[PDB]
Amino acid sequence: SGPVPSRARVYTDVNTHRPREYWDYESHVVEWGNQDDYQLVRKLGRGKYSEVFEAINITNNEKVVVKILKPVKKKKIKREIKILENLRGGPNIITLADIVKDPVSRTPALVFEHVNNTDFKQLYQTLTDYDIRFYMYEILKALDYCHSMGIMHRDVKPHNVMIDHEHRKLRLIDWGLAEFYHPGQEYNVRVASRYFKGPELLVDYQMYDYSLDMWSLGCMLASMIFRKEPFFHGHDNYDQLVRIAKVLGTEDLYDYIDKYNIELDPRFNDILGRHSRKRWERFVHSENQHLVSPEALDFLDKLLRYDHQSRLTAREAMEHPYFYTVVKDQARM
Ligand SMILES: Brc1c(Br)c(Br)c2[nH]nnc2c1Br
Ligand SMILES: Brc1c(Br)c(Br)c2[nH]nnc2c1Br
Ligand SMILES: [Cl-]
Ligand SMILES: [Cl-]
Ligand code: NA
């Protein structure tokens, strides 16, 4: 018959217990400011949906980041604004400062409190063992917070982690793909970048939850501790699942498919083959051995599961022995 339904293990009903206006972003009324309170200084980045600029707030000479949105459904814009407003002031969440339109072009833009244009991808292949643990813990604070607030990011990847390494500060950015979790809701599987897509996305299981972000986090961790970018290097979305199957093995994949009664795209029938679950020791070599420990491998193993329900939650991840020295030093400071 149909796919077997699924529910988030944690924060299942948090949006239900909120007022409608918290999560009903389509009904959100945006007060659009004037982009001429800002002067653009320089281009920081370009994305599928926006051009990103360093800018100055003329009124207080404060540095900001302006994300000038390429044309898009009003619905998607309200969703991102409402999520950013809901998460504002949260640990390691980018701060939305203002919402503006160019008076002439009427192009909408989001104004964020300034952070360094240095994305995590620029230096996550050069970190010490301790700093990987430190920054991973900081990302988990942001995920446990947004999950606790009924929101899944759905685009967790190095490019969406802005780090000020000098001040050991981290922000999770680009909430453009983020959604509210509602129990029983079926979501678009066309989210996240190929290398970070969870198996639920790749086999077209739509009733997914916060646990999607914990797969993406596992992909990031594996890439850092093994110095292998990306860890799962698919040619396309079909081959992406093959790359996962060659590590996690096909037995747990077919058990997962069976458990949720997933109808596997016929394209998979010839390409998945039959693979053992590989021991992580397989990826350890002289140039990454200093970043790999039993703690790191035990932690990674508990993120990278086919079955979304079997993955650590953000808070369970934060309690893993891998972070004991980070937790201790945090209390010390
Ligand atoms: Br805000 C904003 C927007 Br929206 C646009 Br479009 C701009 N073009 N030049 N300067 C601009 C600023 Br500031
Ligand atoms: Br660079 C950069 C910065 Br800085 C921020 Br803040 C962004 N928010 N969405 N996309 C962003 C990009 Br690209
Ligand atoms: Cl990335
Ligand atoms: Cl093995
Ligand atoms: Na080691």
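These values consider heavy atoms only, across backbone and side chains, with no hydrogens, waters or symmetry-generated copies. One-based numbering, in listed order, for ligands and for the atoms of each. In this chain, residues are counted from 1 in sequence order.
Tracing side-chain contacts under 4.5 Å through hydrophobic residues (I, L, V, M, F, W, Y), one never reaches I151 starting from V191; they form parts of separate clusters. Connection of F283 to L303 is established within a shared hydrophobic cluster, with ILVMFWY side chains joined at heavy-atom distances below 4.5 Å, either directly or through further cluster members. In the hydrophobic cluster analysis, where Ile, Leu, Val, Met, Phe, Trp and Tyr join through side-chain heavy atoms closer than 4.5 angstrom, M207 is grouped together with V203.
Below 3.5 Å of separation, one finds an N or O of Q35 facing an N or O of ligand 1.
For ligand 1, the atoms closer than 4.0 angstrom to any heavy atom of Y38 are 13 (Br). Per-residue contacts place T107 under 4.0 angstrom from the following atoms of ligand 1 (heavy atoms of the residue considered): 4 (Br), 6 (Br).
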Quick one: do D301 and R305 satisfy salt bridge (charged side-chain N to carboxylate O under 4.0 Å, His left out)? Show the steps, please.
CA-CA 7 Å; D301 188 74; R305 305 296 180 85; 3.1 Å; yes
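Here the CD atom belonging to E80 is positioned 3.5 Å from the NZ atom belonging to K67, to the nearest 0.5 angstrom.
One option in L40, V100, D36 has a heavy atom closer to atom 9 (N) of ligand 1 than any other, and that option is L40.
The closest approach between any non-hydrogen atom of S105 and ligand 1 is below 4.0 Å.
Note: angle at the Na ion (ligand 5), from O of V292 to O of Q289, is 70° (rounded to 10 degrees).
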